[PDB]
Each structure stands twice: as C-alpha cells, then as structure tokens.
Amino acid sequence: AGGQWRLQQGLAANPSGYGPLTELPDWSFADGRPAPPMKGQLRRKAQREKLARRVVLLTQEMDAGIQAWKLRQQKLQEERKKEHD
Amino acid sequence: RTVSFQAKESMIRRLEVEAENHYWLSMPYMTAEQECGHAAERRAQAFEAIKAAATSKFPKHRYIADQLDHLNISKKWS
Amino acid sequence: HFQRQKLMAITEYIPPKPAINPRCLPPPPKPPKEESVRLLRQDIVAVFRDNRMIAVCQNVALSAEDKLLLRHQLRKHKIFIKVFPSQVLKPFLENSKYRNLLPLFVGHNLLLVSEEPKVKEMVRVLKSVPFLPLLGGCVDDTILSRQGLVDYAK
Amino acid sequence: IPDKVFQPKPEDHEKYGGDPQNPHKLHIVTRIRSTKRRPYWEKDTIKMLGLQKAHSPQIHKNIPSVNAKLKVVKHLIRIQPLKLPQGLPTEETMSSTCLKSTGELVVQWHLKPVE
RNA sequence: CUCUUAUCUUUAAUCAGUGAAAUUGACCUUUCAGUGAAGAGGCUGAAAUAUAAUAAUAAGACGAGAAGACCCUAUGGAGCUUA
RNA sequence: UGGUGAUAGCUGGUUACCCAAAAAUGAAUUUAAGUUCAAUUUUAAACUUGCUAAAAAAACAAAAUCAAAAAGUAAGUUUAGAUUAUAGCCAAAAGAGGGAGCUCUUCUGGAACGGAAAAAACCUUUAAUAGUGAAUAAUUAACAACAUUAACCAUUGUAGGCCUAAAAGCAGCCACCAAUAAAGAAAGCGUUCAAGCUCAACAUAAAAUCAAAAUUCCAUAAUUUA
RNA sequence: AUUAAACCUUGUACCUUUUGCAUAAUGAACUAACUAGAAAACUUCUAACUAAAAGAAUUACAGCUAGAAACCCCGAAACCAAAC
Ligand code: FES
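Chains as they are written, first to last, in my numbering: chain Y, 1433 to 1517; chain E, 13 to 90; chain F, 20 to 173; chain U, 51 to 165.
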C-alpha cells in the first residue's frame, strides 16, 4: 500500500527499492569501527555500475552513428561538386 | 456476469499506459539511414568469439600426479 | 469471457450534464405569435362596425338550422344573426375599432347585430325566450346591463 | 492498425511532456505480465529483448528496429524516456550512479534526503 | 375367504458349557441442497450433534449380481465331410 | 504321469538415492496396443553464419510466400553412427458438411500451490530457498417510462341515385356538394329497415430519448463521515 | 499450532488403470519369511605392441592383443506318448 503516493513524492513505490533504509549499512561496531559493506549492497552497486557503463556505451555508439550519418552526407556533397578537363 | 467496477478501472489503466507507450514510440531518435551499420562492428566481433568458443571442444589431458597421488591414501602416523 | 463484457460497457457513451432542465430553465424567448383566424377578423369587424347596438343572450344549446331560420326571422325584423367562433372573438378587440370590450365578450353567447334603432323589433326577439341569460345590448357600442339595455334601448 | 495511432498531436506532447524536437534517445522497458498462454512470436520477441524477468530495468536505443520490436510487445512493457539532468556519468563516478523511478539517472549519490 | 380368534409344540428370551462360516484399505462411520459419470457418511454451502449402549421391521435406492434366457449377423476365424 | 519352465501380440506383479536431456508430422503394413521408410532427436567430426526481423518487385488478383542491408541476438550447415516418439484432452479461432446443434478439416493456447463456489482444459502467474518483513496481479457480482390530449356538444337540405320489400352516413352501391358560427353526403356503434350511441364539427380545459415440478428457502445482512 | 490430549484453522485413502481426471473400476484382515532382466558379433572407453600384433589355426597399407560394458516373473483352454 502507498506505492502511488510514494511515486507522487518521487520515492520508490515499494519501500524496499532505492532508499536510505535499504542502501545504508544496518549496523556498526560498538567501538565505532565502520562495518564492512553489505554483500547485497556491493552486489547491487556492481549491477548499477554495469548498467551505467552500458548507458555510456550506447550513448557513445549513438553519438558515433549521428556523426557518421553526417559524415556520409558530407561524402555525397563533395562527390556532387566534381570537375575535370 | 455483470462486470465489477474494479475490473473496468484496471482495464482502463492498462489502455492508458499503452497509450503512453505509443507516444514514446512515435519519436524515433535515429532515422532509417543512420541506423544502418551503426552496430556492424560490434556484431562481427561478437560472432567471432562465439565461433571460437563453439569450436574449442576437445578431450581433456591426463596427468601422472593423479595416478601417483592415489598412493598417498596409505599415509599413517610415523 | 469476462474481459469481453468489460469492453461492451466501455463503448457506452458518456454524456455531459446540462446545467438546468428545460422545465426549470429561466424564462427563455418563445416563438413569435402568428395570426392564422385572420379571415374571421374581417367578418366580425364589418358586422360590429355596421351595427352599433349588439344585443347579447347566452345561446341555450340552439341548433344550427334554427339560427338560419332565426336569421330569416330577424330579417323580418331587419336584423341579422351574424355570429362566429368565440376563440377568434377575443382577439377582436386587439384589432378593431375598440379595445376595451373584452370583459363584456366573456363566454360564447348569441350576438344580435342591429344597425337601426328599431327598439320594438329588438325587444320582440327578447320576447321569444327570456329564460336564457341575456347580458344586454351595447347601445352605441357602450357597456350596458340587461336592465341597462332597457334603460338605454329607448 | 492505422499509422495515425503513432503520429502524435500537440495535445499528446503536452500530456506526456515529450518534445517533438530532440527526441529522447533511450527507452526504459520493464515486463509486467507473463508470456504464458501467448503465441510463439510474442514469446520469441520477449526473449530476444532480454525481458525474461519481470520488473527488470533495461537500457535500449530509440531506433526504428528497437521501436518496431517494442511495438510488437507494447502491451507487456512500460516505456519511459531516460533523462540525464547531470549528463552522462564519468568513469570515476560510474560507481556512484543511481537511477530514480522518475527516470533521472544521477551520476553522484550524496546519501542526502531530497526532502 | 367375508373375518379373524384361541390353545399346544418348535423357534424365541434368560442361566451355564462348548464354539464356526462368508467378510474385512483404513475409518473418530450423520441430515439437507449443490457438484458429478443416472451417481456423496468423507467435496462445496447450510444444519444437527453428551458419552456409550439396547431392541425391532424389509418397501425403495427403475437395489447388487453370472459366461442365465431369446433372436440375428459376418465376401469373421477354425474344425470337420466330401459326390 | 511324462513331453513341460508347452504356448499365450492377453491379464496381473515386477524391490535404493541424486544430476541432466526428453513423446504426441508424412508414407506403407491381417496395419492403426506393433513394426519399417522419410522427418526429428541424438553422438562424433569438418567450419561459419543462423533465428527473429526484413524495405522495396514482382508473383497472385490488379500477412504471410519469396529476402539488401540492418538491427535484436547465438547458434547453424555438412559428414559419419544411432535409436526412441509417431494415439491425446479441453478451450478458442477459420472453414466444410448442416438448417438446431452436431460431424469433420485447418490455426492458436493450456496442465497453480492464486482466482472464477468445489473447477486437468478459462484468468493472474518465469524456476525454488529460510525469515513473526514490503509493494502488487487476476479476482460473482450488478445497481415502473413521456414527452398531439385532455372537456363539451351535436342542426337543416336529401330517407340522395342502386337490383335492395326496405335499407336513410352507417345490406350492397355511389359520386362526394350547401346553408350555416358548426355537421363528415359519415368514423366506430345500433341495425325487421329506421329511430338511433358516440368520434370528428364549433365553441370552452390544460400539457411538451430507454433504465439501472414433485425431500427442505438457502450465508447473514445492508441505501451516505469525505 | 497451542498453556492445554480434544475444540480453531487446512486437507476429496493407497497401488494399478484408464486422457497427462476419478465422487469411475480393479487388488489389499494384519504380521513374518519367500517372490520377477540372463547371453559380446560389432562398436565406444582403459591399457600392451606396432607395419606389425596375438603363447598354433586370426586380422592387417595402423593395425592387432587384453580388459570392462546386455536383453524378467507367474498364470490358460489345448496337443501327444505310455501306464492305471
Ligand atoms: S426545479 Fe423543477 S421546474 Fe425548476
């Protein structure tokens, strides 16, 4: 329940999604020493980083396709303007 | 079987969501010409790895250590 | 299937709601009145103009043919029973020489139209049947009662 | 189905908040239904697109081939345009990226409530 | 038989002695309506319901049953006989 | 008794665990409970494109067949060896017999531990793990009809001509006019025939596009706090 | 599950067989013992030796030798011989 309202506020519909409750460490040493990163958090980080790399690659590939498109239209333009003799 | 009010709303929501899908599919960022060959290099490289992996089958090697290690089963206190 | 039945309901058209129902609407303009009935105006206008004094007596369920005979009977008296439907009688005052005789011409009653001051002839008609309510004659197109008619029929 | 369905109108742009110029580059698609009891062609497309797991985020290009493929499976997916308020992530920030449900991929996560 | 009744013997019931057979998935073994294949003690929905016993009757569930009964067929088999 | 553990394509039974892959087309058969051939699957080897998709062009008539480049993607072709499977069920489409419904042929889908009452075949559902967490999907319930028609009166010609005894508005039969304020040469009634009952006449009322069979009823109830 | 044996909640006996279904149909009083897959011609695999191999008879222009790897049970009506 409440997923619709959470989306309205910009939060994840399920509290178990992206949030401080899930992402943040759940404990720390009494001495104050920071706790080791959670295996799930590290696992989740790897997938998020991998997806980000895919986004960069796809955007870079799309950028090349956009430029290479114009480059192909520059070859036609120069081909049209030709002379001899 | 008279239709419950809840069911009608759910179907309407699905249609409305599908309508949004139509709109976001109505603006192709890249034209047909640009798409051609944009991923050609990647596809060629991927298939080469597939062929190399596919044709890598062979029987496995045999080592002396396997036969010699079996003799260790007789180890005991001195 | 259940899903198919849902589609049928969806096809139902959604109509908007009018602000006010026609009965409870504020008084709107209405089509202009038209005089259809127009012919009857000339007939009553001519006879009333011709005859100054119009003796009046509520018809006692008299038959149409009797009026034809009574028309001829008054022709002996030099008077005419020229009467017409009363639905177009009320608009007579609207388009005629006078406009104030509407209350006098309330109900459907015999109209005895006479142009000549032959008092004896008019009374003799009254002598035929007195029991029917005789309102009186508008001597000189003036409102008169039954007793007033006698007071001014002279 | 007539092509007019996929021809947008000015009112449609306002409703969905999509600019006819500078169209969004990447589609966000998640499977929300099962392919069981569906014809083989529908099943094949879902497997090809990689949407085997429901509610699984996928990054795809807004290109005609992808657009044609997405149209076939339109009813089983939700399409959202990706947004980059801070631009593309850098190599150093690749580990700090986070995608929000609103469709915005932040390149820096500061662990502070938006409030 | 109208029109049944009475008595006696056997059986019956009680005490004591001796003591089988068919049968048997397990059963803490209900009623109504539904559902189903003609079909429900065991499912669905209602209802009823101290525990344990004791004594009686055979109408129905178009009761359960067999290789019972009758007639006819086969470009079915097989066996037998030939002129 | 022996041959004899006769034979039986038939009936019945046929004893530990775990991992992987996995049944239902065409041709012939005393063949349809089986077997052979193609096809599949499968093992090994050779080495490279395959599947979805696919513009335009034809072909047909005036979304599949064919398949440039792509794109999404990872299998595919050939050679050698080899079997097993080759009988559904129901739902839903398209046809053909037909006229109900059925009888078929073709395409599509299914095998909950959720839901539709119980519910192999319908709907929501990617596998299965512990936890006294969380967001969601399908989900047997649903909320009488009217926008010309309500009061009053009914005279005279001609009982008009027609075989009708007679038929006068009103048995048949006619054409189809007048006076009148208003009378139909008659609209339903009555009819020995007519007298006669009203409707229309005139006057005077007042209005304005469909809904929500025989044992014993069978949850109980319930119209308004966002 | 539970403080609590019973109450509340959930759940249509088993094998075989029918359609991958039984509210069909077969079989079962229970206990103990007994009660049903058996063969190497060729292949793959493991090794010996190699234009050779095998302790005689076999095969061979990489073959040849050895080893391992396999295919149930009970039950008719009958038919025949010899005695009684
Ligand atoms: S509220 Fe009824 S007529 Fe206005």
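Beta carbons are placed, not taken as given, at the ideal position from N, Cα and C, and that holds for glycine.
At a CB-CB cut-off below 8 Å, which residues of chain Y make contact with residue i?
i, result
"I109 of chain U", "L1483, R1486, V1487 and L1490"
"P135 of chain U", "Here the premise fails: no neighbours, minimum Cβ distance about 13 Å."
"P139 of chain U", "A1484, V1487 and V1488"
"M98 of chain U", "Within 8 Å Cβ-Cβ: nothing; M98 of chain U doesn't reach chain Y, min ~17 Å."
"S84 of chain U", "Chain Y residues near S84 of chain U: none, gap ~20 Å exceeds 8 Å."
So is residue i buried or exposed if we call it buried at 16+ other beta carbons inside 10 Å?
i, result
"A38 of chain F", "exposed"
"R1465 of chain Y", "exposed"
"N33 of chain E", "buried"
"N70 of chain F", "buried"
"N40 of chain F", "exposed"
"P45 of chain F", "exposed"
"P50 of chain F", "exposed"
"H1516 of chain Y", "exposed"
"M42 of chain E", "buried"
"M39 of chain E", "buried"
"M27 of chain F", "exposed"
"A1484 of chain Y", "buried"
"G49 of chain E", "exposed"
"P139 of chain U", "buried"
"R118 of chain F", "exposed"
"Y75 of chain E", "exposed"
"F124 of chain F", "buried"
"residue 6 of chain U", "Any property of residue 6 of chain U remains undetermined from this structure, which presents chain U solely from 51 to 165."
"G67 of chain U", "exposed"
"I24 of chain E", "exposed"
"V123 of chain U", "buried"
Which residues in chain Y sit within 7 Å of residue i, going by Cβ to Cβ distance?
i, result
"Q46 of chain E", "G1497, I1498 and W1501"
"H50 of chain E", "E1493 and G1497"
"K65 of chain U", "Those do not exist, as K65 of chain U stays about 17 Å from chain Y at its closest Cβ, beyond 7 Å."
Do residue j and residue i count as a contact pair if the criterion is CB distance below 8 Å?
i, j, result
"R165 of chain F", "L153 of chain F", "yes"
"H91 of chain F", "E140 of chain F", "no"
"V55 of chain U", "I127 of chain U", "no"
"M72 of chain F", "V144 of chain F", "no"
"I63 of chain F", "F111 of chain F", "yes"
"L37 of chain E", "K103 of chain U", "no"
"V75 of chain F", "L129 of chain F", "yes"
"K25 of chain F", "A19 of chain E", "yes"
"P122 of chain F", "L59 of chain F", "no"
"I98 of chain F", "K86 of chain F", "no"
"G126 of chain F", "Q77 of chain F", "yes"
"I109 of chain U", "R1476 of chain Y", "no"
"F21 of chain F", "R26 of chain E", "no"
So which residues of chain U does residue i contact, with C-beta pairs closer than 8 Å?
i, result
"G1442 of chain Y", "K150, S151, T152 and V164"
"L1439 of chain Y", "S151"
Output, in chain order, the set of chain E residues within a Cβ distance shorter than 9 Å of residue i.
i, result
"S115 of chain U", "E47"
Name the chain E residues whose beta carbon is nearer than 8 Å to that of residue i?
i, result
"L101 of chain U", "In chain order: nothing, as chain E lies at least about 14 Å away."
Listing by chain order, which chain Y residues have their CB less than 9 Å from the CB of residue i?
i, result
"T80 of chain U", "Near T80 of chain U there are no residues of chain Y at all, since even the closest Cβ is about 12 Å away, more than 9 Å."
Against residue i, what residues of chain E qualify as contacts under a CB-to-CB distance less than 7 Å, listed in chain order?
i, result
"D62 of chain U", "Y35"
Going along chain F, which residues have a C-beta under 8 Å from residue i?
i, result
"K20 of chain E", "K25, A28 and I29"
| How about the segment 1435-1446 of chain Y and the segment 136-152 of chain U: do they share at least three Cβ pairs that are nearer than 8 Å? | yes
| task | Would you list, in chain order, the members of the segment 24-42 of chain E that have their beta-carbon closer than 9 Å to a beta-carbon of chain Y? | result | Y41 and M42
| message | At a CB distance below 9 Å, what residues from the segment 21-50 of chain F approach chain E? Give them in sequence order. | response | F21, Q22, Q24, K25, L26, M27, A28 and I29
| message | Beta carbons nearer than 8 Å to chain U: which residues of the segment 1469-1482 of chain Y have them? | response | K1477, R1480 and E1481
| query | Is it true that the segment 87-95 of chain U meets the segment 65-78 of chain U, where meeting means three or more beta-carbon pairs spaced less than 8 Å apart? | reply | no
| message | Assess contact between the segment 70-90 of chain E and the segment 133-150 of chain U, defined as three or more Cβ pairs (one per stretch) separated by less than 8 Å. Is contact present? | response | no
| message | Using only Cβ atoms and a threshold of 5 Å, which residues come within that distance of a heavy atom of ligand 3? Order them by chain position. | response | This structure does not include ligand 3; its bound ligands are ligand 1.
| Between the segment 157-164 of chain U and the segment 110-129 of chain U, are three or more C-beta pairs nearer than 8 Å? | no
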